[PDB]
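J.:
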Amino acid sequence: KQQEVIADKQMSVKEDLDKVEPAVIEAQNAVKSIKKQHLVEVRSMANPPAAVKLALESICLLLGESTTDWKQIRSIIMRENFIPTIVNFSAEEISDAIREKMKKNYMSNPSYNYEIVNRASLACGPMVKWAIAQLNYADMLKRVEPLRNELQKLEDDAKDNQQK
Amino acid sequence: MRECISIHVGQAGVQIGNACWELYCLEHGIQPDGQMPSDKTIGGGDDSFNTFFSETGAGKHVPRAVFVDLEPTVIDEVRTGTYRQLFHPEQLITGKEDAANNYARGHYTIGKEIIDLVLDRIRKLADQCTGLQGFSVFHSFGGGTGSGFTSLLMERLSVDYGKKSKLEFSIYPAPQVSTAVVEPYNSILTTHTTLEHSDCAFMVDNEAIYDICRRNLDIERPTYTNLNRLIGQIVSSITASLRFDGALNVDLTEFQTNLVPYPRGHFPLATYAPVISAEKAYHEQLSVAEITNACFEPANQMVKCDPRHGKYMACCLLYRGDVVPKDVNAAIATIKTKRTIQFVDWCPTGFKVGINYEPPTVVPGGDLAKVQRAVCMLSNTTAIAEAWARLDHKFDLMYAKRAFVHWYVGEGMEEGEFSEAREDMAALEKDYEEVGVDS
Amino acid sequence: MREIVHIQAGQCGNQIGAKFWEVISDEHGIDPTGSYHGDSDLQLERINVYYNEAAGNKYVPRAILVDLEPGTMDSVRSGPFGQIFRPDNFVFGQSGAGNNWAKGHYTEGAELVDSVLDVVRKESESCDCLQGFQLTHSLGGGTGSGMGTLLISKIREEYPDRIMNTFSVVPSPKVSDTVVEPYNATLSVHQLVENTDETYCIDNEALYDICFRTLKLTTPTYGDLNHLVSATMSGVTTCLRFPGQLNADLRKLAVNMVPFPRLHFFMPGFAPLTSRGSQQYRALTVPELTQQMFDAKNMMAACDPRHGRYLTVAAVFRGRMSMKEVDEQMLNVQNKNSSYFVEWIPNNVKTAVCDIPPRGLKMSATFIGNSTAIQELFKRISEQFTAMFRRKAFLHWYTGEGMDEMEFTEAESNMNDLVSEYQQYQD
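Sequence order for the protein chains is A, B and C.
Here the first sequence is numbered in the authors' numbering, starting from 3264 and rising by one per residue.
Here the second sequence is numbered in the authors' numbering, starting from 1 and rising by one per residue.
Counting with the authors' numbering, you get residues 1 to 44, 47 to 360, 369 to 437 for the letters of the third sequence.
Written out as structure tokens, the structure is:
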């Protein structure tokens, strides 16, 4: 029967996404439920600890901005459209050479480990936790993408063979 | 031989340093510029022409200390009146403030901006370390420059120039005694830095002197200016006795090695005898037993470990002024043979003492005056678990009710560092507890 | 030097800056004619707090003299202390005191803000010693409210790195019922706290209370009540720039005003006085000073925060005294209040003192207290709304000026969160 392949492939894409997806949901909820003092805590610093800088450049580069500059990256969390951008994030639109450059700079890096960053600043904590989950979710979504598109081709064939 | 270079950082450390300078200047009779009329009078140093002639001399007079301050008022004060040729205008230093009561502020925020110009004077001061001996640094330890700038300099002194002895004179209340619940938070890291990088600290409790200044000395209007004047008298009674005249004239090294006989610095609380209302209004000359007894008056001995307790390793009394040998040996033997006081059971010896024999010749004016008999005291207790235990306790007494580490990290420092340093103070408690019950 | 430029917005906001001018100038040695009268140390340095020096020792404003309309400008220039220097330092154009909040934010504010913002733009980057901006703001018509919220927003977008102090002259915060104001006012307040760094709030009717009782005057003139505030203001700004080891600057003042930072309101009160401006005795000693700090009936802003929790106190003194006596008298009055400042921190008062006395005064001081436990105000604006939120015949006026319904929804949300916040801080 026809659904056998469609079902298999669909479950296959979901088994991959479920490993990373409760983390993304937990992580968006982390960023939403911050008190307004912990944006001032990460912002105020003149000379930041280096892990703070690395987590604030990480999220800024992921999220929307081309700025490495401590003066420009720290204010982005006080934009009125920060949570609108994160709620209406498209992780698909992020381009493939660029993704692998982000994992090289931040993911692989020694001082971007979650324990080393929360040690430095728990107020960086929520922001690093989204940056990790998201950048990992774009990586797993793009990785299941060749089989996700073959699914939407099979679904289209499966409807058309049904209307025949 | 003579004394040695002195570094004055912070506003307390400059006014203490000016008070001490006036003491050296006043006994000397030094002229403001010149050209000086005596053959020759001792006071800073054993020449007095061309003035200061402080071991360092010549040109436009090369100074024997460095003052660094926020306001031109002190440079105006020296440039207009006396001390004017006793310093050089380019090493009389004056800047600005922007202030924070935060560790991260002196360590980073102003600390990376003002460093290279003052560094260049530190590097030259370490090149010309007159008197040979070491660095006398007058602190500046409790605030944001006190906590931050001192922690950065202490390491930088120690790693580059650790062969030199570093003497630090500190004004700071014993933990929890202060009304401020948030005062330990900036001080926790410096307290931790001190563990590695401070072999030698002489500590005054500003709260203990405030109580002495108001009640023993019976001063109607205490202010900062008058307190720092009184702690200059301490610094002078110690230092000005051991410079080169009628004394044992014990070296910096010789003292340090008696203070610190085993790992980790042995910092004592300082006290001072003639901070008494009778003395200020002028009274008897006194015998060495009586100056002792004045020093062992209520409020003048510490109540920290409980007055007779805490298991003293030693007390060291520094007898300035003319002295009789019978009188001094009985002066330290009587307390021991009374045996009110508590010592460690392995070592009830207490042979630690300074006996010197020059009188103060200073003129009437201040709270010091011309005398025959003086003393200063350094008290060492083993059972100091109580200090560490209060630092540990007081940080959490805010912290458990509501978290308050935010601002000390908002000025640019790591979060976990604060509480790890706190955890250290908590493990220190039991190390100084066990030696406090001795063996 | 400090060189502070004072921006002055709306009719009482200028009136209070006017009344400051004439006190600060006399104090710091600058004549009505703009000529010298000093020969005292602050009548020599300190004096560049608001002024600059030229022309054989005649003094040019760093805080330039500005209004909107010519006859009101004429009053600033007639002085006594506006007559100082050559015409490039007098500025004017447009008018204000318009109507309708939604119209004032959009159509009328668009024209007004352009003429005003362009003044500041040239001035801002031409003052290289600027240690900060001083802002005296009031609520007059649609211009002082809705135009004004745009203004603060527009100016803080141009200068987020420049230090700002907002003193707000406010008619007594929300007393007696309102019609369609409550959405408009919580939208204004929601714009206030995202566009404001440091907020001091002055209440007219606390002035009237102190006028009838302390001052013993039965005509409560508001020019005189501003002239009293100015004298006290002078007392603050000048003191922190004298010697004295308890005085303090920038980040040490800042952390103290908000120990937990989400913006909070800051409340003026009075120190030594049993009178000012009348009566032979007007008071000067350490119990007299403290007495009014540990009362409740001098402080600004009708919202009663002190019953819920007393919260942190900034005190600033000028005059000779025993540093130790004040600290013994402070141990007294802080254990009348106990741990009722907040649970978390027992004792919660920090002082700043100088030895050198004020103009003809022997000793004086100020109290600046702190916002906790003020949900009653945010519940009272919602409660005064209900009858007219049901009957609703006048919010069409507002929405038809360009204002969307959803910004009002969000605003009521923010008012509800502010009720929350104060209630949380009380616990």
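Even for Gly, the Cβ is constructed at its ideal location relative to N, Cα and C.
Check whether the segment 6 to 26 of chain B touches the segment 225 to 233 of chain B, taking contact to mean three or more Cβ pairs, one atom from each stretch, closer than 8 Å.
T.: Yes, the segment 6 to 26 of chain B is in contact with the segment 225 to 233 of chain B.
J.: Residues in its own chain within less than 6 Å of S54(B) by CB, not counting five upstream and five downstream?
T.: Around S54(B): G44, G45 and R64.
J.: Got a sec: which bits of the segment 253 to 268 of chain C sit with their beta carbon under 7 Å from any beta carbon on chain A, in order along the chain?
T.: Cβ contacts with chain A: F262, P263 and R264.
J.: Name the residue from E196(C), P245(C) and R400(C) whose alpha carbon lies nearest to the alpha carbon of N424(C).
T.: It is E196(C) whose Cα lies nearest to the Cα of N424(C).
J.: Give the interface partners of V3391(A) over in chain F, defined as CB-CB distance under 9 Å, in chain order.
T.: In the structure shown, chain F does not exist; the protein chains are A, B and C.
J.: Does DSSP put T56(B) in a helix, in a strand, or in coil?
T.: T56(B) falls in the strand class under three-state DSSP.
J.: Quick check: is the beta carbon of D396(B) nearer than 7 Å to any beta carbon in chain C?
T.: It does not: the Cβ of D396(B) has no partner Cβ on chain C nearer than 7 Å.
J.: Between the C-alpha atoms of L387(C) and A403(C), what's the straight-line distance to the nearest angstrom?
T.: Cα-Cα distance, rounded: 25 Å.
J.: For a contact meaning CB atoms closer than 7 Å, what does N349(C) contact in chain B?
T.: The contacting residues are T179.
J.: Is there contact between the segment 386 to 400 of chain B and the segment 9 to 28 of chain C, where contact requires at least three CB pairs shorter than 8 Å?
T.: Contact between the segment 386 to 400 of chain B and the segment 9 to 28 of chain C is absent, because fewer than three Cβ pairs lie under 8 Å.
J.: For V195(C), report the span of its alpha helix (DSSP H) as first-last.
T.: Taken as a continuous stretch (DSSP letters only), the alpha helix (DSSP H) holding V195(C) covers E183 to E196.
J.: Does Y61(C) come out as helix, strand or coil in the three-state DSSP assignment?
T.: If DSSP states are grouped into helix, strand and coil, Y61(C) belongs with the strands.
J.: Quick one: measure Cβ to Cβ for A375(C) and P274(C), integer angstroms, because I've assumed they're closer than 8 Å.
T.: That belief holds up - the Cβ atoms of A375(C) and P274(C) are roughly 6 Å apart, short of 8 Å.
J.: Which of the three DSSP states is assigned to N101(C) in this structure?
T.: Of the three classes helix, strand and coil, the one that applies to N101(C) here is coil, per DSSP.
J.: On the criterion of 16 or more Cβ atoms from any shown chain inside 10 Å, does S3371(A) qualify as buried, or is it exposed?
T.: Burial call: exposed.
J.: What did DSSP end up calling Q294(C) once you bin it into helix, strand or coil?
T.: Looking at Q294(C) - three-state DSSP - the assignment turns out to be helix.
J.: Rounded to whole angstroms, what is the Cα-Cα separation between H107(B) and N186(B)?
T.: The straight-line gap from Cα to Cα measures roughly 11 Å.
J.: Within the segment 59 to 118 of chain B, note down every full beta strand (DSSP E) run reaching 3 residues or more, in order along the chain.
T.: The segment 59 to 118 of chain B contains these whole beta strand (DSSP E) runs: 65 to 69 and 92 to 94.
J.: Could you check whether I3322(A) and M3403(A) sit closer than 7 Å to each other, using their CB atoms as the reference points?
T.: Not a contact, by the Cβ cut-off of 7 Å.
J.: Interface residues of chain C around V3303(A) at Cβ under 7 Å?
T.: Near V3303(A) (Cβ distances below 7 Å), the residues of chain C are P263.
J.: Measuring only the C-alpha atoms, how far is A330(B) from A289(B)?
T.: Their backbone Cα atoms lie some 7 Å apart in a straight line.
J.: Starting from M377(B), follow its DSSP beta bridges and name the residues at the other end.
T.: Answer is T271(B) and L317(B), bridged to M377(B).
J.: List, in chain order, every chain B residue whose beta-carbon is nearer than 7 Å to that of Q247(C).
T.: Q11 and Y224, listed in chain order.
J.: Less than 8 Å between the CB atoms is what I'm expecting for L313(C) and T382(C), so what's the real figure, rounded?
T.: That pair is a contact at about 4 Å.
J.: Among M3341(A), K3316(A), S3307(A) and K3264(A), which one has its Cα closest to the Cα of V3294(A)?
T.: Checked all of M3341(A), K3316(A), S3307(A) and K3264(A); the closest Cα to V3294(A) is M3341(A).
J.: Drop a sphere of 10 angstroms on the beta-carbon of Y282(B), count the other beta-carbons inside from all chains shown, and report buried for 16 or more, exposed for fewer.
T.: With fewer than 16 other Cβ atoms within 10 Å, it is exposed.
J.: Just the chain B side, please: which residues come within less than 7 Å of residue 526(C) by C-beta, in chain order?
T.: There is simply no residue 526(C) to check, as chain C begins at 1 and stops at 437 in what is shown.
J.: Restricting to Cα atoms, I'd like to know which of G10(B), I219(B) and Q128(B) is closest to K96(B).
T.: Of the listed residues, the one whose Cα sits closest to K96(B) is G10(B).
J.: Roughly how many angstroms lie between the CA atoms of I30(B) and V5(C), to the nearest whole one?
T.: Computed Cα separation, rounded: 48 Å.
J.: Give me the chain B residues within the contact set of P3312(A), using Cβ-Cβ distance strictly less than 7 Å, ordered along the chain.
T.: Within 7 Å Cβ-Cβ: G412, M413 and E414.
J.: Starting from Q3266(A), trace the beta strand (DSSP E) both ways and give me its first and last residue.
T.: Premise fails: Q3266(A) lies in the alpha helix (DSSP H), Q3266 to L3280, not in any beta strand (DSSP E).
J.: Taking Cβ positions, are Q394(C) and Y224(B) nearer each other than 7 Å?
T.: Not a contact, by the Cβ cut-off of 7 Å.
J.: Would the segment 305 to 316 of chain B count as touching the segment 340 to 348 of chain B if we require 3 or more Cβ pairs under 8 Å?
T.: The segment 305 to 316 of chain B is in contact with the segment 340 to 348 of chain B.
J.: For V121(C), which residues of its own chain have a beta-carbon under 8 Å away from its beta-carbon, when the five flanking residues on both sides are left out?
T.: Within the same chain, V121(C) has close Cβ partners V68 and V93.
J.: Just to check my reading of the structure: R308(B) and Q342(B) have Cβ atoms closer than 8 Å, yes? What is that Cβ distance to the nearest angstrom?
T.: The pair is a contact, with the Cβ atoms about 6 Å apart (cut-off 8 Å).
J.: Would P63(C) be called buried (16 or more neighbouring beta carbons within 10 Å of its own) or exposed?
T.: Buried is the call here.
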